[PDB]
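Q: For reference, the file input-v1.txt (compact mmCIF, N, CA and C atoms) is included below:
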```txt
# COMPACT_ATOMS: atom_id res chain seq x y z
N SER A 3 -6.46 -34.47 -25.15
CA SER A 3 -7.25 -33.50 -25.89
C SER A 3 -8.69 -33.47 -25.42
N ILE A 4 -9.33 -34.64 -25.41
CA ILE A 4 -10.73 -34.72 -24.98
C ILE A 4 -10.88 -34.23 -23.55
N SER A 5 -10.01 -34.69 -22.66
CA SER A 5 -10.09 -34.33 -21.24
C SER A 5 -11.40 -34.80 -20.63
N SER A 6 -11.95 -35.89 -21.15
CA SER A 6 -13.16 -36.45 -20.55
C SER A 6 -12.87 -36.87 -19.12
N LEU A 7 -13.93 -36.89 -18.31
CA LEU A 7 -13.79 -37.23 -16.91
C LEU A 7 -15.13 -37.70 -16.39
N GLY A 8 -15.09 -38.55 -15.37
CA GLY A 8 -16.30 -39.19 -14.92
C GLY A 8 -16.92 -40.10 -15.96
N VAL A 9 -16.18 -40.43 -17.01
CA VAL A 9 -16.71 -41.24 -18.09
C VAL A 9 -17.38 -42.49 -17.54
N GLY A 10 -16.77 -43.12 -16.55
CA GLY A 10 -17.30 -44.33 -15.98
C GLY A 10 -17.64 -44.21 -14.51
N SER A 11 -17.49 -43.01 -13.95
CA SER A 11 -17.77 -42.78 -12.54
C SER A 11 -19.21 -42.38 -12.27
N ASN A 12 -19.74 -41.44 -13.06
CA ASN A 12 -21.03 -40.79 -12.89
C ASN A 12 -20.98 -39.76 -11.77
N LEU A 13 -19.89 -39.67 -11.01
CA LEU A 13 -19.75 -38.60 -10.04
C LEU A 13 -19.50 -37.28 -10.78
N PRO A 14 -19.86 -36.16 -10.18
CA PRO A 14 -19.69 -34.87 -10.87
C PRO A 14 -18.24 -34.38 -10.81
N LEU A 15 -17.32 -35.23 -11.25
CA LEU A 15 -15.90 -34.92 -11.10
C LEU A 15 -15.50 -33.65 -11.84
N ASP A 16 -16.16 -33.36 -12.96
CA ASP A 16 -15.71 -32.27 -13.82
C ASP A 16 -15.80 -30.93 -13.08
N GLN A 17 -17.01 -30.55 -12.67
CA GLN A 17 -17.17 -29.28 -11.99
C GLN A 17 -16.40 -29.26 -10.68
N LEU A 18 -16.23 -30.41 -10.04
CA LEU A 18 -15.44 -30.46 -8.82
C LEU A 18 -14.01 -30.02 -9.10
N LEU A 19 -13.41 -30.56 -10.16
CA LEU A 19 -12.05 -30.15 -10.51
C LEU A 19 -12.01 -28.68 -10.90
N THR A 20 -13.06 -28.20 -11.56
CA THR A 20 -13.13 -26.78 -11.88
C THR A 20 -13.08 -25.93 -10.61
N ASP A 21 -13.87 -26.32 -9.60
CA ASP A 21 -13.90 -25.58 -8.35
C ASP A 21 -12.54 -25.65 -7.66
N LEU A 22 -11.90 -26.82 -7.70
CA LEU A 22 -10.53 -26.90 -7.22
C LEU A 22 -9.70 -25.80 -7.86
N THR A 23 -9.60 -25.82 -9.19
CA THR A 23 -8.76 -24.86 -9.88
C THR A 23 -9.07 -23.43 -9.44
N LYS A 24 -10.35 -23.11 -9.28
CA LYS A 24 -10.73 -21.78 -8.81
C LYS A 24 -10.07 -21.47 -7.47
N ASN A 25 -10.32 -22.33 -6.48
CA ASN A 25 -9.79 -22.07 -5.15
C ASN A 25 -8.27 -21.99 -5.17
N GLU A 26 -7.63 -22.87 -5.95
CA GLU A 26 -6.17 -22.84 -6.05
C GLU A 26 -5.69 -21.51 -6.60
N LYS A 27 -6.32 -21.03 -7.67
CA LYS A 27 -5.96 -19.72 -8.20
C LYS A 27 -6.12 -18.65 -7.15
N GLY A 28 -7.00 -18.88 -6.18
CA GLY A 28 -7.12 -17.95 -5.06
C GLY A 28 -5.78 -17.43 -4.55
N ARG A 29 -4.74 -18.26 -4.59
CA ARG A 29 -3.47 -17.89 -3.97
C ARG A 29 -2.81 -16.70 -4.66
N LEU A 30 -3.13 -16.45 -5.93
CA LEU A 30 -2.38 -15.46 -6.71
C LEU A 30 -2.80 -14.02 -6.46
N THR A 31 -3.93 -13.79 -5.79
CA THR A 31 -4.51 -12.45 -5.73
C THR A 31 -3.58 -11.40 -5.11
N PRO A 32 -2.96 -11.63 -3.95
CA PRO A 32 -2.19 -10.54 -3.34
C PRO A 32 -1.11 -9.98 -4.25
N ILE A 33 -0.47 -10.84 -5.03
CA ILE A 33 0.53 -10.37 -5.99
C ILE A 33 -0.12 -9.44 -6.99
N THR A 34 -1.34 -9.77 -7.42
CA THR A 34 -2.06 -8.88 -8.34
C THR A 34 -2.29 -7.53 -7.69
N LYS A 35 -2.68 -7.52 -6.42
CA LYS A 35 -2.91 -6.24 -5.75
C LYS A 35 -1.64 -5.41 -5.71
N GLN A 36 -0.53 -6.03 -5.34
CA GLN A 36 0.73 -5.31 -5.28
C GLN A 36 1.07 -4.71 -6.64
N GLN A 37 0.98 -5.54 -7.69
CA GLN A 37 1.28 -5.06 -9.03
C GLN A 37 0.41 -3.87 -9.39
N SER A 38 -0.89 -3.96 -9.09
CA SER A 38 -1.81 -2.89 -9.44
C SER A 38 -1.42 -1.59 -8.75
N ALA A 39 -1.13 -1.67 -7.46
CA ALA A 39 -0.76 -0.46 -6.73
C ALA A 39 0.48 0.18 -7.34
N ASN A 40 1.51 -0.62 -7.59
CA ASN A 40 2.75 -0.05 -8.11
C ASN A 40 2.54 0.55 -9.50
N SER A 41 1.76 -0.11 -10.34
CA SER A 41 1.50 0.42 -11.67
C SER A 41 0.78 1.76 -11.59
N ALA A 42 -0.20 1.86 -10.70
CA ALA A 42 -0.87 3.13 -10.51
C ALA A 42 0.12 4.21 -10.09
N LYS A 43 1.05 3.86 -9.21
CA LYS A 43 2.06 4.84 -8.80
C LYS A 43 2.87 5.32 -10.00
N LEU A 44 3.28 4.40 -10.87
CA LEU A 44 4.07 4.79 -12.03
C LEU A 44 3.29 5.74 -12.93
N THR A 45 2.02 5.43 -13.17
CA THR A 45 1.21 6.31 -14.00
C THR A 45 1.09 7.70 -13.37
N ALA A 46 0.94 7.74 -12.04
CA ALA A 46 0.89 9.02 -11.35
C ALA A 46 2.17 9.80 -11.56
N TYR A 47 3.32 9.12 -11.48
CA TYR A 47 4.58 9.79 -11.76
C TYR A 47 4.58 10.39 -13.16
N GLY A 48 4.07 9.64 -14.13
CA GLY A 48 3.98 10.18 -15.48
C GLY A 48 3.17 11.45 -15.55
N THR A 49 2.01 11.46 -14.88
CA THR A 49 1.18 12.66 -14.88
C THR A 49 1.92 13.84 -14.27
N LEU A 50 2.60 13.60 -13.15
CA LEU A 50 3.35 14.68 -12.50
C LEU A 50 4.42 15.22 -13.43
N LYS A 51 5.11 14.32 -14.15
CA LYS A 51 6.12 14.77 -15.10
C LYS A 51 5.50 15.65 -16.17
N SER A 52 4.32 15.28 -16.66
CA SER A 52 3.66 16.11 -17.66
C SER A 52 3.45 17.52 -17.14
N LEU B 397 -2.26 33.27 28.08
CA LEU B 397 -2.92 34.01 27.02
C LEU B 397 -1.86 34.69 26.16
N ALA B 398 -2.28 35.10 24.97
CA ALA B 398 -1.37 35.76 24.04
C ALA B 398 -1.11 37.20 24.48
N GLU B 399 0.13 37.50 24.83
CA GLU B 399 0.49 38.81 25.34
C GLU B 399 0.54 39.84 24.22
N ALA B 400 0.40 41.11 24.61
CA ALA B 400 0.51 42.22 23.68
C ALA B 400 1.95 42.71 23.66
N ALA B 401 2.59 42.63 22.50
CA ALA B 401 3.98 43.03 22.38
C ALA B 401 4.11 44.54 22.49
N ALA B 402 5.02 44.99 23.34
CA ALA B 402 5.25 46.41 23.54
C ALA B 402 6.28 46.99 22.58
N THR B 403 7.02 46.15 21.85
CA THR B 403 8.10 46.60 20.99
C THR B 403 8.03 45.85 19.67
N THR B 404 8.95 46.20 18.77
CA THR B 404 9.06 45.52 17.49
C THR B 404 9.92 44.27 17.62
N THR B 405 9.48 43.19 16.99
CA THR B 405 10.21 41.93 17.05
C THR B 405 11.47 42.01 16.20
N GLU B 406 12.53 41.37 16.68
CA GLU B 406 13.81 41.35 15.99
C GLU B 406 14.03 40.01 15.31
N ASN B 407 14.61 40.05 14.12
CA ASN B 407 14.98 38.86 13.37
C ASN B 407 13.83 37.86 13.31
N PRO B 408 12.60 38.30 13.02
CA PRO B 408 11.49 37.34 12.95
C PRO B 408 11.66 36.30 11.86
N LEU B 409 12.44 36.60 10.83
CA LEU B 409 12.69 35.62 9.78
C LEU B 409 13.30 34.36 10.37
N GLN B 410 14.21 34.52 11.33
CA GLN B 410 14.84 33.35 11.94
C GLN B 410 13.81 32.50 12.67
N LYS B 411 12.91 33.14 13.42
CA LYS B 411 11.87 32.39 14.13
C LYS B 411 10.98 31.64 13.15
N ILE B 412 10.58 32.30 12.06
CA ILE B 412 9.70 31.66 11.09
C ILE B 412 10.41 30.48 10.44
N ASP B 413 11.70 30.65 10.12
CA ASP B 413 12.46 29.55 9.54
C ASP B 413 12.55 28.38 10.51
N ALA B 414 12.75 28.67 11.79
CA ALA B 414 12.80 27.60 12.78
C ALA B 414 11.48 26.84 12.82
N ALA B 415 10.36 27.58 12.80
CA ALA B 415 9.06 26.92 12.80
C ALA B 415 8.90 26.03 11.58
N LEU B 416 9.29 26.54 10.41
CA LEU B 416 9.17 25.75 9.19
C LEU B 416 10.02 24.50 9.27
N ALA B 417 11.22 24.62 9.86
CA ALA B 417 12.07 23.44 10.03
C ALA B 417 11.40 22.42 10.94
N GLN B 418 10.78 22.88 12.02
CA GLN B 418 10.04 21.97 12.89
C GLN B 418 9.00 21.20 12.09
N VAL B 419 8.22 21.93 11.28
CA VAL B 419 7.15 21.29 10.53
C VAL B 419 7.72 20.27 9.55
N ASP B 420 8.81 20.62 8.87
CA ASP B 420 9.42 19.69 7.94
C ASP B 420 9.88 18.43 8.64
N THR B 421 10.50 18.59 9.81
CA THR B 421 10.94 17.43 10.57
C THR B 421 9.76 16.52 10.87
N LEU B 422 8.68 17.09 11.40
CA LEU B 422 7.53 16.26 11.76
C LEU B 422 6.96 15.55 10.54
N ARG B 423 6.89 16.25 9.41
CA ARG B 423 6.37 15.63 8.20
C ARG B 423 7.25 14.46 7.77
N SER B 424 8.56 14.63 7.86
CA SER B 424 9.47 13.53 7.53
C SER B 424 9.18 12.31 8.38
N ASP B 425 9.09 12.50 9.70
CA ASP B 425 8.79 11.37 10.58
C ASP B 425 7.47 10.71 10.22
N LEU B 426 6.44 11.52 9.96
CA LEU B 426 5.14 10.95 9.66
C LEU B 426 5.19 10.12 8.38
N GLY B 427 5.87 10.62 7.35
CA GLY B 427 6.01 9.83 6.14
C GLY B 427 6.72 8.52 6.39
N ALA B 428 7.78 8.56 7.21
CA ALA B 428 8.49 7.33 7.53
C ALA B 428 7.56 6.31 8.17
N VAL B 429 6.76 6.76 9.14
CA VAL B 429 5.87 5.83 9.82
C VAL B 429 4.81 5.31 8.87
N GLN B 430 4.33 6.16 7.96
CA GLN B 430 3.37 5.70 6.96
C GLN B 430 3.94 4.55 6.15
N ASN B 431 5.17 4.73 5.65
CA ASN B 431 5.79 3.67 4.87
C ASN B 431 5.94 2.40 5.70
N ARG B 432 6.36 2.56 6.95
CA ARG B 432 6.48 1.40 7.83
C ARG B 432 5.17 0.64 7.91
N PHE B 433 4.07 1.36 8.17
CA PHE B 433 2.79 0.70 8.35
C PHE B 433 2.34 0.01 7.07
N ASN B 434 2.56 0.64 5.92
CA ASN B 434 2.18 0.00 4.66
C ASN B 434 2.93 -1.31 4.46
N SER B 435 4.24 -1.28 4.68
CA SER B 435 5.02 -2.51 4.56
C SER B 435 4.49 -3.56 5.52
N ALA B 436 4.17 -3.16 6.74
CA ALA B 436 3.61 -4.09 7.71
C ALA B 436 2.35 -4.74 7.18
N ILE B 437 1.44 -3.93 6.63
CA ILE B 437 0.18 -4.47 6.13
C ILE B 437 0.45 -5.51 5.06
N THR B 438 1.38 -5.22 4.15
CA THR B 438 1.69 -6.19 3.11
C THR B 438 2.20 -7.49 3.71
N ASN B 439 3.11 -7.39 4.68
CA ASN B 439 3.62 -8.59 5.34
C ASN B 439 2.48 -9.39 5.95
N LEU B 440 1.57 -8.70 6.63
CA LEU B 440 0.47 -9.39 7.30
C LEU B 440 -0.40 -10.12 6.29
N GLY B 441 -0.68 -9.49 5.15
CA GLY B 441 -1.46 -10.17 4.13
C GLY B 441 -0.80 -11.45 3.66
N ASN B 442 0.50 -11.37 3.35
CA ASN B 442 1.19 -12.57 2.90
C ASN B 442 1.16 -13.65 3.98
N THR B 443 1.40 -13.26 5.23
CA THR B 443 1.45 -14.23 6.31
C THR B 443 0.11 -14.91 6.51
N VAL B 444 -0.98 -14.14 6.47
CA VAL B 444 -2.29 -14.73 6.67
C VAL B 444 -2.60 -15.70 5.54
N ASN B 445 -2.25 -15.33 4.30
CA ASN B 445 -2.48 -16.26 3.20
C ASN B 445 -1.73 -17.57 3.43
N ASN B 446 -0.46 -17.48 3.80
CA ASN B 446 0.34 -18.69 3.97
C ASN B 446 -0.21 -19.57 5.09
```
Using structure tokens, write down the structure from this file.
A:
Amino acid sequence: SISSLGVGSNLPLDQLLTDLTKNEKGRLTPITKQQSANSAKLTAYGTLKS
Amino acid sequence: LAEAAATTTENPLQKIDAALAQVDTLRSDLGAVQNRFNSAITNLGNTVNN
């Protein structure tokens, strides 16, 4: 729950792990782009149907 | 150069239809190549990430 870190190290472990998580999440972006493009296409189809 | 026709053209509807068919064919090919290139780009993005 606490998720304390560096309690006895004094190294800046916390923000370091945060930066890790950021870079790791980096991997997910292309899937987001694909999803966005396809969703836009579906909305366009809806407009054409209207 | 564009010649001056001395007579009336026969069955021009057929010629116009042939031209339109040519255009439709070319458009079909161009769309196919567009789709090919888009798929290629997506593959390249995934590959570079990996």
Q: Find the spatial neighbours of segment 428-444 of chain B, counting only C-alpha atoms, within a cut-off of 8 Å - ignore same-chain residues fewer than 3 positions away - and output them as an MDAnalysis selection string.
A: (chainID A and resid 32) or (chainID B and resid 424:425)
Q: Save out the residues we just selected, N, CA and C atoms, as a PDB file, keeping the file's coordinate frame.
A:
```pdb
ATOM      1  N   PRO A  32      -2.960 -11.630  -3.950  1.00  0.00           N
ATOM      2  CA  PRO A  32      -2.190 -10.540  -3.340  1.00  0.00           C
ATOM      3  C   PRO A  32      -1.110  -9.980  -4.250  1.00  0.00           C
TER       4      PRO A  32
ATOM      5  N   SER B 424       8.560  14.630   7.860  1.00  0.00           N
ATOM      6  CA  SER B 424       9.470  13.530   7.530  1.00  0.00           C
ATOM      7  C   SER B 424       9.180  12.310   8.380  1.00  0.00           C
ATOM      8  N   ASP B 425       9.090  12.500   9.700  1.00  0.00           N
ATOM      9  CA  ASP B 425       8.790  11.370  10.580  1.00  0.00           C
ATOM     10  C   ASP B 425       7.470  10.710  10.220  1.00  0.00           C
TER      11      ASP B 425
END
```
Q: Kindly list the centre and edge lengths in Å, rounded to one decimal, for the axis-aligned box that covers all listed atoms of segment 405-418 of chain B plus 8 Å on each of its six sides, as JSON.
A:
```
{"center_x": 11.9, "center_y": 32.2, "center_z": 13.1, "size_x": 22.1, "size_y": 38.0, "size_z": 23.9}
```
Q: What is the atom CA of residue 7 of chain A-atom CA of residue 23 of chain A distance in Å, reported with one decimal?
A: 15.1 Å
Q: Please identify which residues in chain B DSSP calls alpha helix (DSSP H) from the backbone, and express them as number ranges by chain.
A: B: 408-445
Q: Give the residues of chain A that lie within 12 Å of chain B; count only C-alpha atoms, and format the answer as a PyMOL selection string.
A: chain A and resi 26+28-33+35-36+39
Q: At what distance in Å, to one decimal, does atom CA of residue 399 of chain B lie from atom CA of residue 414 of chain B?
A: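 A separation of 20.9 Å between them.
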Q: If I take atom CA of residue 4 of chain A and atom CA of residue 16 of chain A, how far is one from the other in Å, to one decimal?
A: 12.5 Å
Q: Would you mind putting back N, CA, C and O atoms on segment 22-35 of chain A, then writing it out as a PDB file, in the coordinates of the input?
A:
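result_16.pdb was written with the following content:
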```pdb
ATOM      1  N   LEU A  22     -11.900 -26.820  -7.700  1.00  0.00           N
ATOM      2  CA  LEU A  22     -10.530 -26.900  -7.220  1.00  0.00           C
ATOM      3  C   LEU A  22      -9.700 -25.800  -7.860  1.00  0.00           C
ATOM      4  O   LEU A  22      -9.260 -24.868  -7.183  1.00  0.00           O
ATOM      5  N   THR A  23      -9.600 -25.820  -9.190  1.00  0.00           N
ATOM      6  CA  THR A  23      -8.760 -24.860  -9.880  1.00  0.00           C
ATOM      7  C   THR A  23      -9.070 -23.430  -9.440  1.00  0.00           C
ATOM      8  O   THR A  23      -8.161 -22.621  -9.237  1.00  0.00           O
ATOM      9  N   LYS A  24     -10.350 -23.110  -9.280  1.00  0.00           N
ATOM     10  CA  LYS A  24     -10.730 -21.780  -8.810  1.00  0.00           C
ATOM     11  C   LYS A  24     -10.070 -21.470  -7.470  1.00  0.00           C
ATOM     12  O   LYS A  24      -9.330 -20.486  -7.312  1.00  0.00           O
ATOM     13  N   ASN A  25     -10.320 -22.330  -6.480  1.00  0.00           N
ATOM     14  CA  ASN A  25      -9.790 -22.070  -5.150  1.00  0.00           C
ATOM     15  C   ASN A  25      -8.270 -21.990  -5.170  1.00  0.00           C
ATOM     16  O   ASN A  25      -7.669 -21.135  -4.514  1.00  0.00           O
ATOM     17  N   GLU A  26      -7.630 -22.870  -5.950  1.00  0.00           N
ATOM     18  CA  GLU A  26      -6.170 -22.840  -6.050  1.00  0.00           C
ATOM     19  C   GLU A  26      -5.690 -21.510  -6.600  1.00  0.00           C
ATOM     20  O   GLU A  26      -4.766 -20.899  -6.057  1.00  0.00           O
ATOM     21  N   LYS A  27      -6.320 -21.030  -7.670  1.00  0.00           N
ATOM     22  CA  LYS A  27      -5.960 -19.720  -8.200  1.00  0.00           C
ATOM     23  C   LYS A  27      -6.120 -18.650  -7.150  1.00  0.00           C
ATOM     24  O   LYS A  27      -5.453 -17.615  -7.218  1.00  0.00           O
ATOM     25  N   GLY A  28      -7.000 -18.880  -6.180  1.00  0.00           N
ATOM     26  CA  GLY A  28      -7.120 -17.950  -5.060  1.00  0.00           C
ATOM     27  C   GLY A  28      -5.780 -17.430  -4.550  1.00  0.00           C
ATOM     28  O   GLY A  28      -5.680 -16.275  -4.130  1.00  0.00           O
ATOM     29  N   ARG A  29      -4.740 -18.260  -4.590  1.00  0.00           N
ATOM     30  CA  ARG A  29      -3.470 -17.890  -3.970  1.00  0.00           C
ATOM     31  C   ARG A  29      -2.810 -16.700  -4.660  1.00  0.00           C
ATOM     32  O   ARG A  29      -2.000 -16.003  -4.034  1.00  0.00           O
ATOM     33  N   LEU A  30      -3.130 -16.450  -5.930  1.00  0.00           N
ATOM     34  CA  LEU A  30      -2.380 -15.460  -6.710  1.00  0.00           C
ATOM     35  C   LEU A  30      -2.800 -14.020  -6.460  1.00  0.00           C
ATOM     36  O   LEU A  30      -2.085 -13.104  -6.866  1.00  0.00           O
ATOM     37  N   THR A  31      -3.930 -13.790  -5.790  1.00  0.00           N
ATOM     38  CA  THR A  31      -4.510 -12.450  -5.730  1.00  0.00           C
ATOM     39  C   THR A  31      -3.580 -11.400  -5.110  1.00  0.00           C
ATOM     40  O   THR A  31      -3.430 -10.320  -5.708  1.00  0.00           O
ATOM     41  N   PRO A  32      -2.960 -11.630  -3.950  1.00  0.00           N
ATOM     42  CA  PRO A  32      -2.190 -10.540  -3.340  1.00  0.00           C
ATOM     43  C   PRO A  32      -1.110  -9.980  -4.250  1.00  0.00           C
ATOM     44  O   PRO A  32      -0.857  -8.763  -4.245  1.00  0.00           O
ATOM     45  N   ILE A  33      -0.470 -10.840  -5.030  1.00  0.00           N
ATOM     46  CA  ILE A  33       0.530 -10.370  -5.990  1.00  0.00           C
ATOM     47  C   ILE A  33      -0.120  -9.440  -6.990  1.00  0.00           C
ATOM     48  O   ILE A  33       0.458  -8.414  -7.383  1.00  0.00           O
ATOM     49  N   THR A  34      -1.340  -9.770  -7.420  1.00  0.00           N
ATOM     50  CA  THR A  34      -2.060  -8.880  -8.340  1.00  0.00           C
ATOM     51  C   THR A  34      -2.290  -7.530  -7.690  1.00  0.00           C
ATOM     52  O   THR A  34      -2.118  -6.487  -8.341  1.00  0.00           O
ATOM     53  N   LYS A  35      -2.680  -7.520  -6.420  1.00  0.00           N
ATOM     54  CA  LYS A  35      -2.910  -6.240  -5.750  1.00  0.00           C
ATOM     55  C   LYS A  35      -1.640  -5.410  -5.710  1.00  0.00           C
ATOM     56  O   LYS A  35      -1.662  -4.202  -5.994  1.00  0.00           O
TER      57      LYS A  35
END
```
